[PDB]
Amino acid sequence: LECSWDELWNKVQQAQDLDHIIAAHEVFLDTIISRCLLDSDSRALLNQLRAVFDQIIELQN
Amino acid sequence: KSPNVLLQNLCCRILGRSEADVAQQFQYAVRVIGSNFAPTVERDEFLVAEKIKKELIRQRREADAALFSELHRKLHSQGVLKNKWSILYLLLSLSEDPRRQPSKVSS
Amino acid sequence: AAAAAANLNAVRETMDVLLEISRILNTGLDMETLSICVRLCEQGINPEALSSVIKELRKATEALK
């Protein structure tokens, strides 16, 4: 989150084009979709993470 | 078919028992279906299509969310069913959401 | 005929397509039960009524048995 926001803030700050501010927003999203387990390849990793989330809610019982 | 003898097959489908065993359940089935046979709500197969779409988006099963459009297309392509709205409303009513895994098309 | 073998083809396809729809929505209704539900839908049926029947019949074979 902080790292992707850094690039976004820098690139909107320096730029002189609003076509290149639609290039600061967009790369900020593209960082979030790749680092965090949200894209189609990372579904298998997320499938493992769901079991851990289940183990957490089990302790609540 | 006639509706009355067709109500017998469903009660032998849900129950594991025969119709000559219990007659209370079959009585209740014929009682409710014969008293509300025509729908109390209007047809919209369109919004029922969009609420199966909203469900497959809710599962993050969005590859099957565009596969449903083609199966719903095949249902209209043959067109052997008078009310395509009702059976989709039915499968929609008994829906179950784990909010987890994907599924294959199995071809 | 040949076009009379082309109609049964057109029913055998949909009864499988609705089966695919039955598994992707993850309902308990299996293929044998669905073939009856389609037949009820052909004359027209209140799906709120048909669903209520199924929801009562399941609670008299898991509640007594």
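- Looking at the method and resolution fields of the entry, one finds cryo-EM and 7.1 Å.

**Points about a nonpolar patch on the surface**
Then step 1. On the surface, a nonpolar cluster with roughly 260 Å² of combined accessible area is contributed by A:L29, A:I33 and A:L38.
Then step 2. Secondary-structure assignment places A:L29 in helix 2 (residues 25–35).

**Structural notes on the pattern of salt bridges**
Then step 1. Considering all chains together, one arrives at 7 salt bridges over all chains under this definition.
Then step 2. Two residues, B:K53 and B:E50, come together in a salt bridge whose shortest N-O distance is 3.2 Å. Of this pair, B:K53 and B:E50 both sit in helix 3 (residues 45–58), 3 residues apart, which is roughly one turn of the helix.
Then step 3. A relative accessible area of 31% places B:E50 in the partly exposed class.
Then step 4. A salt bridge links B:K74 to C:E13, with the nearest nitrogen and oxygen atoms 3.2 Å apart. With B:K74 in helix 5 (residues 67–78) and C:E13 in helix 1 (residues 3–24), this pair bridges two chains.
Then step 5. What makes C:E13 partly exposed here is its relative accessible area of 32%.

**Overview of unusual backbone geometry**
Residues and elements named next belong to chain B.
Then step 1. Although it is not a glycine, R99 adopts a positive phi angle of roughly 65°.
Then step 2. Tracing the sequence through the fold places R99 in the segment after helix 6 (84–93).
Then step 3. Despite not being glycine, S106 shows a phi value in the positive range, around 60°.
Then step 4. Residue placement: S106 occurs in the segment after helix 6.

**Things to note about the interface of chain C and chain B**
Then step 1. Counting residues at the interface gives 44 residues for chain C and 54 residues for chain B.
Then step 2. Carbon and sulfur atoms make up 71% of the area that chain C and chain B hide from each other, which totals about 4,700 Å².
Then step 3. In terms of surface lost to chain B, no three residues of chain C exceed C:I24, C:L25 and C:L57, which account for 15% of the buried area on that side.
Then step 4. Where chain C touches chain B, the interface holds 2 salt bridges.
Then step 5. Connecting chain C to chain B are 7 residue pairs in polar contact.
Then step 6. Only helix 1, helix 2 (31–42) and helix 3 (47–57) of chain C provide two or more residues apiece to the side of chain C that touches chain B.
Then step 7. In terms of residues, the side of chain C that touches chain B owes the most to one element, helix 1 of chain C, which gives 11 residues.

**What about the arrangement of the chains?**
Then step 1. Most contacts, among the 2 pairs of chains that meet, fall between chains B and C.
Then step 2. The least C-alpha distance between chain A and chain C, which are not in contact, is 18 Å.

Rules behind the numbers
- Each residue takes a number counted from 1 along its chain in the order the sequence is written, a numbering that need not match the entry; residues with no coordinates do not appear.
- The order in which chains are written sets their letters, starting at A; the order in which ligands are written sets their numbers, starting at 1.
- Values throughout apply to the visible chains only, these chains being members of a larger assembly.
- To get the side-chain values, take all heavy atoms of the structure and skip hydrogens and water.
- Residues with missing side-chain atoms are left out of burial classes, side-chain pairs and their counts.
- A patch is a set of surface residues, each over 30% in relative accessible area and not in a salt bridge, joined within 9 Å for like charges and within 5 Å for the nonpolar side chains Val, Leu, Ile, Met, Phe, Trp and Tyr.
- Reported accessibility uses the Shrake-Rupley method at a 1.4 Å probe radius. Residues are deemed covered only where the shown protein chains occlude them.
- Whenever a carboxyl oxygen of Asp or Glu lies within 4 Å of a side-chain nitrogen of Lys or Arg, that contact is scored as a salt bridge.
- In this text, helices come from DSSP runs of H or I with a minimum length of four residues, and strands from runs of E with a minimum of two, each type numbered from the N-terminal end.
- To sort residues, take the accessible area from a 1.4 Å probe on protein chains only and compare it with the maximum for the residue type: under 20% means buried, over 50% means exposed, and anything in between is partly exposed.
- Any two residues whose heavy atoms approach within 4.5 Å are treated as being in contact.
- We define buried area as the total accessible area lost by two parts upon association, computed with a 1.4 Å probe and summed across both.
- Pairing of N or O atoms within 3.5 Å defines a polar contact, subject to two protein rules: one partner must be a possible hydrogen donor and the other a possible acceptor, and residues neighboring in sequence count only if both atoms are side-chain atoms.

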